[PDB]
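Peer 1: with the input below, show me the fold.
(4 chains, ligands or ions: 8)
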4 protein chains.
Amino acid sequence: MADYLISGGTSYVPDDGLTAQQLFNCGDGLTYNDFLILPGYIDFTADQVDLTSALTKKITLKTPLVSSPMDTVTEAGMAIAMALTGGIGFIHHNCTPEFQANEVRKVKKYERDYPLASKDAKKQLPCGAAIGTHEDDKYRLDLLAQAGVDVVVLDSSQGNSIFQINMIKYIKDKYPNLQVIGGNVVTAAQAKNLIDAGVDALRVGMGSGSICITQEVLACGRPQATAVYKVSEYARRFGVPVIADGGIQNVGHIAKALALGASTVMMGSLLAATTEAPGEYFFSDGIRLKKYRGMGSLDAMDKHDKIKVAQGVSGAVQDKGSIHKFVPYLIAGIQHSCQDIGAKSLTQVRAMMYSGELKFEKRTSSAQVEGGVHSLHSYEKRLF
Amino acid sequence: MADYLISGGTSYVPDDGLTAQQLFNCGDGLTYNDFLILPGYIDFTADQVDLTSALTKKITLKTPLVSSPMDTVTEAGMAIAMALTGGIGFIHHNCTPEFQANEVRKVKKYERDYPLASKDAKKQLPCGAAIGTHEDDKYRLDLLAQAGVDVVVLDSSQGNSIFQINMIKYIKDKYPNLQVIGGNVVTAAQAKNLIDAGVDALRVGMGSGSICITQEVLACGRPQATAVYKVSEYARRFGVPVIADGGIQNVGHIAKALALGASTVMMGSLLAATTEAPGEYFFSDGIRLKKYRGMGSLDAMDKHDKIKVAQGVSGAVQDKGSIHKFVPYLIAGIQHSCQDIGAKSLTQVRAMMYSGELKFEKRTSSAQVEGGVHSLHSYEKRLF
Amino acid sequence: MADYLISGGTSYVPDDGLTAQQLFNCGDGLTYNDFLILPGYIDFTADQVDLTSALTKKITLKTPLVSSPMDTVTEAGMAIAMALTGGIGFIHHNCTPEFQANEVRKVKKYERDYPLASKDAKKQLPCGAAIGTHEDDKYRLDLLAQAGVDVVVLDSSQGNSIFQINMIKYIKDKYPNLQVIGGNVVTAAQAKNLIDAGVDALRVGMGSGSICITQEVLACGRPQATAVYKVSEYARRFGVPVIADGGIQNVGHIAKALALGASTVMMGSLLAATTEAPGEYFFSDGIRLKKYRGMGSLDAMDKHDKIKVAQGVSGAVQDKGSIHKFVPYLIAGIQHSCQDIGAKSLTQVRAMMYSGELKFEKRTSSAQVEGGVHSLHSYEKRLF
Amino acid sequence: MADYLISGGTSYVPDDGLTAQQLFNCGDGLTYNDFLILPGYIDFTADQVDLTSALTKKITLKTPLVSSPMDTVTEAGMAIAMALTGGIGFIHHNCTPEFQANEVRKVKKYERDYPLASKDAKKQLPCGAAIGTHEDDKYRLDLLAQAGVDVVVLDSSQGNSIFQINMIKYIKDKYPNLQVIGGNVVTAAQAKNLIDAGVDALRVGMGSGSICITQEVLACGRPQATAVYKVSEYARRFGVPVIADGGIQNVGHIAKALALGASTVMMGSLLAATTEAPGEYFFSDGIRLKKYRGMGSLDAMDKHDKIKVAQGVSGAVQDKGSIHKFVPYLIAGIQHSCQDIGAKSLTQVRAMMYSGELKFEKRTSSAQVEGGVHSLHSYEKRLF
Ligand SMILES: NC(=O)c1ccc[n+]([C@@H]2O[C@H](COP(=O)([O-])OP(=O)(O)OC[C@H]3O[C@@H](n4cnc5c(N)ncnc54)[C@H](O)[C@@H]3O)[C@@H](O)[C@H]2O)c1
Ligand SMILES: NC(=O)c1ccc[n+]([C@@H]2O[C@H](COP(=O)([O-])OP(=O)(O)OC[C@H]3O[C@@H](n4cnc5c(N)ncnc54)[C@H](O)[C@@H]3O)[C@@H](O)[C@H]2O)c1
Ligand SMILES: NC(=O)c1ccc[n+]([C@@H]2O[C@H](COP(=O)([O-])OP(=O)(O)OC[C@H]3O[C@@H](n4cnc5c(N)ncnc54)[C@H](O)[C@@H]3O)[C@@H](O)[C@H]2O)c1
Ligand SMILES: NC(=O)c1ccc[n+]([C@@H]2O[C@H](COP(=O)([O-])OP(=O)(O)OC[C@H]3O[C@@H](n4cnc5c(N)ncnc54)[C@H](O)[C@@H]3O)[C@@H](O)[C@H]2O)c1
Ligand SMILES: *c1nc2c(ncn2[C@@H]2O[C@H](COP(=O)(O)O)[C@@H](O)[C@H]2O)c(=O)[nH]1
Ligand SMILES: *c1nc2c(ncn2[C@@H]2O[C@H](COP(=O)(O)O)[C@@H](O)[C@H]2O)c(=O)[nH]1
Ligand SMILES: *c1nc2c(ncn2[C@@H]2O[C@H](COP(=O)(O)O)[C@@H](O)[C@H]2O)c(=O)[nH]1
Ligand SMILES: *c1nc2c(ncn2[C@@H]2O[C@H](COP(=O)(O)O)[C@@H](O)[C@H]2O)c(=O)[nH]1
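Peer 2: Residues are numbered from 1 along each chain as shown, chains lettered A, B, ... in the order given. Ligands and ions are numbered 1, 2, ... in the order given. Coordinates below:
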């Protein structure tokens, strides 16, 4: 009976790799490409992995994927597609309040099989919308609330402000049933103020986005993986989920963001130039392209005698096809990643991470080269 | 559903204190008085604590207490008392083989209520006996095996020898059903050789005993708490329990030895001058005393023209009363200690320790003074 | 204008010594004698130091001193004396509920000048009382509430239990206006559970008391200075004050406990054998003495067939005179200590400590010897 | 009253990121791109940020921007433009003394709206001029003093020399009212000698300039961010401001230099190929360009048989437009950066930095890639 009595089953496991706490205690400003998750023990098949995810304190999704509130990413079409694949879309506010409300209404009234489709308590697709922290945003909010919006995100580069805190309080007084997402934040100190003010989730990231130049221009921000880990670890103490926002370039980045403590992942460029994204396709040197621009680029700010300091750029992204084809690929990828690290659900991934059972490893520059494609004359990379 | 979905229950727990791995990675030669166990969460009562303990790979006891094979500690009387209170005694070999075998026979034929009493498969009290690693010990072993001994301990200060390894192999060939305890060892390197040779448990400790001067004379040994932790951590990988032997002065020391990975605790001085211990009581300045001596003292070695290098001393210990009164006090103490640290069983204490959930703290010299009785003119310390 | 413009006043200050965060990040189990506070800048006189202190979330005292709920320390006489000198006393519960309630009534109805005297909203002296976590303590609590008690302390060695959490909830439901002190705790993990359950203050300390042997017997506890710093730092986040309890031997210890984050300091032995303490004076070899005993000593437990594991001892303490003479000395000492470290109030001491402005230094053993009296043939130590 | 009494307001702030002292204690030779400033708490608008800056002990500017004394950067036109936008220009000395004095006189006699325009006590634009440390520089200094120059910079790659110290003493004897800037220095040891000799400011930087090859040729220099932090921290003790000189490529670099302790920032390439810069525009492959060269390049040294060891290169820089359009953009950028990090003035930025309230983070190579523009097919970067 010694085989059981020494340690209560709870067998010996050789200690290899670093816990997340150790990896991010080193003070290096790590981001996603700087580390790997070590593989675990596999006892099940990839199709059994559950991706149920908390968007806010009270809104639950079938998948962890959400589309960013950007005028080249999310309108009613994108919101409908993401809700049907089991996520959610946030409708941008670079438009008039009535226009934005009409987009919300199209999503709320919408209606080749969608077992994961997100619904509210009335069998309607959920829809989010963005607002600012200026005075006219109160009227915009009233119209959105009337359209039946399910959650609003307070859209700012630096959410730890008197303006955002006042707006949060105004909302939680006038609309007690509305869920509010605050941000963007990258530190626990910012997160504390926003959680004290009553947000139901946090949007995490500053300057990591593909179109962002805030770190270069204003010298302020944080490496994204560290930002996600630190804010998630703080917000977990109060039961507040975090949306990891910016710098997602592939399925591995999604999996890493979730393993570091995020509950949902927001995507910009990775959903741009899909069919459901707004704007028209164009051609340049034989490649199909669609515009994709920062909300702080001059063109986006000139969308309605003083210096305007641009914080984003305006570019183009290559065609990706349909959301209905692309999102299943991401889902299958995340499921395979969970299987490799030995977890039956995203909830269990994060539980293993906080308990120290999940292990990580740094990657030097040579290790990143080794990790990519190398030593070939030519190749084709087809993902699915 | 976020309250569950973020981390799967598995709530936030502030990080305070050191894991055992961290405490013993510091390289300080710590022993028992140098550290404390931090308190945990209490959900049950002390009388519900289960003290079931593995003595060997195949022998299980109701309590973790065993009496040392010393000619001032354990003969048939002590062995019977410890078996009745739920532990075991090891009969010493500073005597003729027929004498030792007769002691074993008295224990095996023995027979105010003993629900914890240790039994074998034939409703008989279990009994251990010590042997050396010289040639005549083979004949001594034959007699002990005929008397029906349940386990033998190979009695040496430094068990990692060709002599002990040969004796272990001889025993495991001639008596395949006999359990063998090897030792004493204080390092993983020694433990590896003995476990490879096929021992069913390890006796841990060198120079920590109350009567021992081996560290002073031969400069060889180890601080006991470190020795127990290191050897237990190695032996756990192969399912081999360890007996922590030497330097136990009180119930806190017992609890610490068990929390560091030991399965059973051996006691010398703490059981000397009990009524069941051999030898007669005497008086010296109005105090009742009984002799207690090291097996490597000159008097013990003169018990059967060359230098004899003594490794122990010969002294006297104050009267303690009956084993039947004293052992219940130790049991109640260990149960209260487990309750304070939040464990329902010794198995769960060790599981918590290896998983990092159990936390520890060092104690400076001022901290040890603060921990003891201080700032009083006089006092009486009555333990139970 | 550079003299101002470079750093906004905020002059250069050479970096010397360790912040508290650094001192307690080292992992050594430090207690009070292991460190010193470095002196600061003096701009005022000692008599201007304000000692206003928070006892609970809603009870404020003129001084930080409280008397322990022990049957050799605090009854109505001690409670009246401590309330008159600007602190508070907690009446012990090693007595019948009616007896305890009568003590509370004597304090509440009491009535050579006391500008610091503690009062409640009705110009009555405040009074605390201790209760246990067993079922009959509910009836004891009802009687105490009727007597008009202002605060109750839940009296346990290990407060992080289902029993204490249930009792706290029962109290906060039946008596919403009663302040409740939970404990004893020594870790942030324990503090989290108790703060979540709704305590208004925390009692900190396990095994540090002069009469305590818990660390020796049960191996569980913590060095007191570390315990105070860690729990205070956690409890500060939720606005919960801590009472530092046990191991206070002099004014320097009081000052250190307050600088480490405690709001009030509890005293046992240091108030025993005062005139107001219960029990009679006796003589032993020409010294005047009074009994002082742990609440977990056998005699205290035999105050009304099973092992009782003692956790305290029973001793005697030398006569100290009157509380009305002794407490002013402690007050003057604390004020001088604050002046030396450059703080106008205890609140400002703790603010400096948390901001890193207050600096500390470790003391080796030789440093502690040098710090005490040395190099003399004889001496008299008269404190005031 | 506990909410105030525990810590005196002075709320809890989660500890995230590194202080500047910690960031530069690591011994890595960091420069600007290696780190970020973490965002703080915003309570005000960007247009309220005050950029008042100390140029010397006694000269104060409305903005922290100064133009470098280089013959492709600063003559009378540039000096007038920078003084009108609230900064200052230093006229180069690669010319005859009478020529340089005539430039100074044009600035001193000069005359939209310029609310920030720098003035002296006589309502005249301030003007600086560079001199060397050779004997003929004494006569050059006499002419400059007669032209009414307000400050002189002693122009050297390595200012910690007997020549520079003698020249400083000569100046402070013959012209007690003239402000003197010494440099360039990169270490506290050099700064000590120059401050002891009586300089009123320090020019910091060696080899970081865009046109500089000193680090490659002579192996001597320092990474610029470390140089600025170290020298600023030393010079602050004596009330001496530092000008951060070299390697400024964008607004984020300016903000970082100021947050590390610099009072003003000097710019070379970033002001070259402006309209006010001397030299003519030319075309090369359809791009408008203007020459920009190091003062230690062969062409600059051949401006008046022996090896000349070049320390700079000679190149061309793309057209930037007018100083009057470009400088407002930098000003607005610096103000937004201060707002993001939560400071109402540059003085407050540095106060937060020295007090440990301002926090920083390192950036790995992957973090720098993530910080830039990525994951796009094409883009346009328009800054304002
Ligand atoms: N790193 C990022 O995540 C990031 C970075 C840059 C821009 N963006 C995006 O670009 C867009 C612009 O964001 P932004 O940060 O400029 O936010 P914003 O437009 O709300 O802020 C503009 C400026 O006005 C101030 N302001 C805000 N509310 C105010 C009020 N009520 N009264 C007075 N002043 C007020 C802000 O503090 C800020 O200085 C947003 O959509 C944002 O999401 C994101
Ligand atoms: N620290 C401790 O735990 C400790 C220390 C000293 C003594 N003791 C006790 O004192 C007693 C003395 O034991 P010991 O350690 O002296 O061991 P031991 O009496 O078996 O050995 C005595 C010496 O003889 C050698 N030897 C052993 N077997 C041999 C063989 N077959 N052929 C040739 N040489 C052989 C040993 O290696 C050793 O040098 C034991 O009861 C022991 O438990 C214990
Ligand atoms: N280090 C210290 O601070 C310290 C140490 C020892 C004793 N003491 C003092 O001595 C006295 C003894 O306190 P104690 O710690 O023994 O606590 P206690 O007397 O309340 O508990 C005795 C035992 O009964 C259990 N128990 C408590 N409430 C229960 C309930 N409702 N149902 C079932 N079981 C319950 C406890 O968990 C504990 O094991 C107290 O006055 C205490 O303050 C203090
Ligand atoms: N890293 C930089 O900041 C940097 C680097 C290289 C060049 N520069 C610039 O290029 C130009 C060249 O400057 P430099 O550093 O060559 O200094 P410099 O021209 O004054 O010195 C040239 C050499 O002559 C020596 N010298 C100087 N004064 C002397 C005296 N009175 N008597 C005898 N010898 C003397 C110097 O020590 C040096 O070895 C300057 O405008 C400088 O600002 C700057
Ligand atoms: C910086 N960041 C900006 C800007 N507009 C939006 N954003 C942020 O980027 C995210 C998208 O990043 P991708 O990497 O493309 O997925 C958005 O969600 C938002 O947080 C901007 O102008 N400057
Ligand atoms: C050193 N150690 C010795 C000797 N004889 C026995 N022992 C060891 O001491 C243990 C008992 O220690 P206590 O602290 O009294 O409980 C024994 O079990 C054995 O391991 C000796 O001569 N020298
Ligand atoms: C251990 N600790 C005990 C016991 N009774 C009370 N206490 C604790 O000691 C404190 C007093 O300590 P001093 O150092 O004398 O001031 C009490 O307040 C309580 O916390 C006991 O039996 N065992
Ligand atoms: C090295 N450094 C040189 C030389 N001439 C001037 N300088 C330095 O460079 C600064 C300008 O740097 P940018 O990065 O263009 O702004 C000047 O202010 C001066 O310190 C040289 O020949 N070699």
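
Peer 1: residues contacting the residue lying closest to residue A:136 once chain neighbours are set aside?
Peer 2: Distance criterion CB to CB, 6 or more residues apart in numbering or on different chains; nearest residue to residue A:136, sequence neighbours excluded, is residue A:97 at 7.9 Å. No exception for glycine: its C-beta is placed from N, CA and C like everyone else's. Applying CB atoms under 8 Å, 6 or more residues apart in numbering or on different chains, we find residue A:97 in contact with A:136, A:139-140, A:143-144.

Peer 1: in the stretch 201-350 of chain A, what residue comes closest to ligand 2?
Peer 2: Residue of the stretch 201-350 of chain A nearest ligand 2, by CB to the nearest ligand atom: residue A:342 (43.7 Å).

Peer 1: helix, strand or coil for that residue?
Peer 2: Three-state call for residue A:342 (DSSP: H, G, I helix; E, B strand; the rest coil): coil.

Peer 1: list the contacts for it?
Peer 2: Contacts here follow CB under 8 Å, 6+ apart; on that basis residue A:342 touches A:39-43, A:352.

Peer 1: out of those, which is most surrounded?
Peer 2: Tallying neighbours with other CB atoms under 10 Å in any protein chain shown puts residue A:352 at the head of those, with 21 neighbours.

Peer 1: what are the contacting residues of the helix or strand hosting that one?
Peer 2: Taking DSSP states H and E as the criterion, residue A:352 maps to helix A:346-354. Under the criterion CB under 8 Å, 6+ apart, residues A:20, A:40, A:50-53, A:64, A:236, A:258-261, A:263, A:334, A:338, A:341-343, A:358, B:4-8, B:10 lie in contact with helix A:346-354.

Peer 1: just these: which are in helices?
Peer 2: A:20, A:236, A:258-259, A:334, A:338, B:4-5 (DSSP state H).

Peer 1: so which of these also contact ligand 7?
Peer 2: When CB under 6 Å from any ligand atom is applied, no member of the ones in helices among the contacts of helix A:346-354 is adjacent to ligand 7.

Peer 1: tell me which parts of the stretch 51-200 of chain A are close to ligand 1?
Peer 2: With CB under 6 Å from any ligand atom as the criterion, the stretch 51-200 of chain A meets ligand 1 at residues A:132-134, A:155-158, A:161, A:163, A:184.

Peer 1: and the furthest pair within the residues you listed?
Peer 2: Greatest spatial distance among those (CB to CB): A:134 and A:184, at 16.9 Å.

Peer 1: which one of those two has more residues nearby?
Peer 2: residue A:184 (30 against 10).

Peer 1: the more buried one is in what secondary structure piece?
Peer 2: Assigned by DSSP H and E, residue A:184 falls within strand A:179-185.

Peer 1: by contact count, what packs against that strand?
Peer 2: Here strand A:179-185 touches strand A:151-154, helix A:162-174, helix A:188-197, strand A:201-204, strand A:242-245, going by 3 or more CB pairs under 8 Å, 6 or more residues apart in numbering or on different chains; DSSP states H and E.

Peer 1: what lies in contact with the third one?
Peer 2: Residues outside helix A:188-197 that contact it (CB under 8 Å, 6+ apart): A:159-160, A:164-165, A:168-169, A:182-183, A:185, A:202, A:230-231, A:233-235, A:238, A:240, D:12-14, D:16, D:39-41.

Peer 1: out of the residues of the stretch 51-200 of chain A next to ligand 1, which is nearest to ligand 2?
Peer 2: Using CB to the nearest ligand atom, residue A:184 is the member of these that sits closest to ligand 2, with 63.7 Å.

Peer 1: and the closest residue to that closest one other than its chain neighbours, how many neighbours?
Peer 2: In space, and not counting its chain neighbours, residue A:184 is closest to residue A:203: 5.0 Å by CB to CB, 6+ apart. Other residues within reach of residue A:203, judged by other CB under 10 Å, total 29.

Peer 1: just checking, residue A:203 touches residue A:151?
Peer 2: No. Look at residue A:203 against residue A:151 with CB atoms under 8 Å: they stay out of range, at 11.5 Å.

Peer 1: what touches both of those two?
Peer 2: Counting by CB under 8 Å, 6+ apart, the residues touching both residue A:203 and residue A:151 are residue A:181.

Peer 1: briefly note if stretch A:13-21 comes near chain C.
Peer 2: No. Among the residues of stretch A:13-21, none lie within reach of chain C under CB under 8 Å from any CB of the partner chain; the closest is 15.0 Å away.

Peer 1: pull out the buried residues from that stretch.
Peer 2: Using 16 or more other CB atoms under 10 Å in any protein chain shown as the test for burial, stretch A:13-21 gives A:18-20.

Peer 1: between the residues you listed, which sits nearest ligand 4?
Peer 2: Nearest to ligand 4 among those, with distances taken as CB to the nearest ligand atom, is residue A:18, at 41.4 Å.

Peer 1: list the contacts for the residue lying closest to the closest one once chain neighbours are set aside?
Peer 2: Leaving out its chain neighbours, the residue that sits closest to residue A:18 by CB to CB, 6+ apart is residue A:360, at 5.2 Å. Neighbouring residues of residue A:360 by CB under 8 Å, 6+ apart: A:17-20, A:23, A:35-38.

Peer 1: next, the contact list for the nearest residue to residue A:351 once chain neighbours are set aside, please.
Peer 2: Once flanking residues are discounted, residue A:351 sits nearest to residue B:8: 4.2 Å by CB to CB, 6+ apart. The neighbourhood of residue B:8, defined by CB under 8 Å, 6+ apart, consists of A:345, A:347-348, A:350-351.

Peer 1: do residue A:128 as well
Peer 2: Neighbour list for residue A:128: A:66, A:69, A:79, A:88-91, A:149-153, A:181 [criterion: CB under 8 Å, 6+ apart].

Peer 1: kindly identify which of the residues of the stretch 51-200 of chain A next to ligand 1 also come near ligand 5.
Peer 2: Applying CB under 6 Å from any ligand atom to these, one finds that residue A:184 fall near ligand 5.

Peer 1: related to what we said a few turns ago, how about the contacts of residue A:128, which pair is most distant?
Peer 2: Farthest-apart pair in these is A:79 and A:181; separation 15.2 Å (CB to CB).

Peer 1: where along the stretch 201-350 of chain A do the helices fall?
Peer 2: Using DSSP state H, counting those that start in this stretch, the helices of the stretch 201-350 of chain A run over A:214-218, A:224-236, A:251-259, A:298-301, A:323-340, A:346-354.

Peer 1: just name the most buried of the ones you listed.
Peer 2: For the helices of the stretch 201-350 of chain A, the stretch with the most neighbours on average is helix A:224-236, a mean of 27; neighbours defined as mean count of other CB atoms under 10 Å in any protein chain shown.

Peer 1: so does that one get close to ligand 5?
Peer 2: No. On the criterion CB under 6 Å from any ligand atom, helix A:224-236 is out of touch with ligand 5, staying 9.0 Å away.

Peer 1: how big is the angle separating that helix from strand A:179-185?
Peer 2: Angle of helix A:224-236 versus strand A:179-185, following axes from the mean of the first three to the mean of the last three CA atoms, to 10 degrees, is 140 degrees.

Peer 1: mind putting the helices and strands packed on strand A:179-185 into TSV with distance to residue C:276?
Peer 2: Formatted as TSV, these follow (distance: least, CB to CB, whole Å):
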stretch	distance to residue C:276
strand A:151-154	60
helix A:162-174	52
helix A:188-197	45
strand A:201-204	55
strand A:242-245	57
